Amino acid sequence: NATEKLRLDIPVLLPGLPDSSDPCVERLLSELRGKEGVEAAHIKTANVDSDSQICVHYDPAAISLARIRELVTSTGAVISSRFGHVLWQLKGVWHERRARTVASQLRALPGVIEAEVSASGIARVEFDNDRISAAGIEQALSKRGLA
């Protein structure tokens, strides 16, 4: 109907995510859905993941294009600056069991949000840049593993 749509590429809003399933994408979308004038917001998936977009539908009687796009790009800027990610290949040999213990050690560090260690010791972490950095993550997992 009167609804208009705009799309932007995810890596443009949210540079340096492991994939488009990183919870930063959901943070962005759920925050946008809370704003007046947004009729919808959702991901448009690309086969090559870094060509995935967000698509936002808005009511141009409630909000101008300039203003909806600013809301999108600035909400993205704040999420992007606030949440860090490292995806590290740890040394040593892992098993469903062993990974699952170090998973909990990561969670318990002062600035970590989400943490997922697989078999073969690939650590997928997400962290609060105002509480901790990645150097501080490496130094804390230095004891056992490393990079």
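One-based numbering along the sequence shown.
### Query
Quick one: higher average CA temperature factor, 55-63 or 78-86?
Mean C-alpha B-factor is greater for 78-86.
### Query
Between 132-140 and 16-24, which has the larger average Cα B-factor in the PDB entry?
Taking the mean C-alpha B-factor of 132-140 and of 16-24, the larger value falls to 132-140.
### Highest recorded Cα temperature factor - choice among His42, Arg33, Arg98, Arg69
Top of the list by C-alpha B-factor: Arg98.
### Query
With respect to C-alpha B-factor, does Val112 fall in the lowest, middle or highest third of the chain as deposited?
Its C-alpha B-factor, which the entry lists for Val112, ranks in the middle third among residues of this chain.
### Message
Where does the C-alpha B-factor of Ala2 rank in its chain, lowest, middle or highest third?
### Response
Answer is middle: the recorded C-alpha B-factor places it there.
### Task
State the tercile, meaning the lowest, middle or highest third, of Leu106 with respect to the CA B-factors recorded for its chain.
Middle third - that is where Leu106 ends up once the chain's C-alpha B-factors are sorted.
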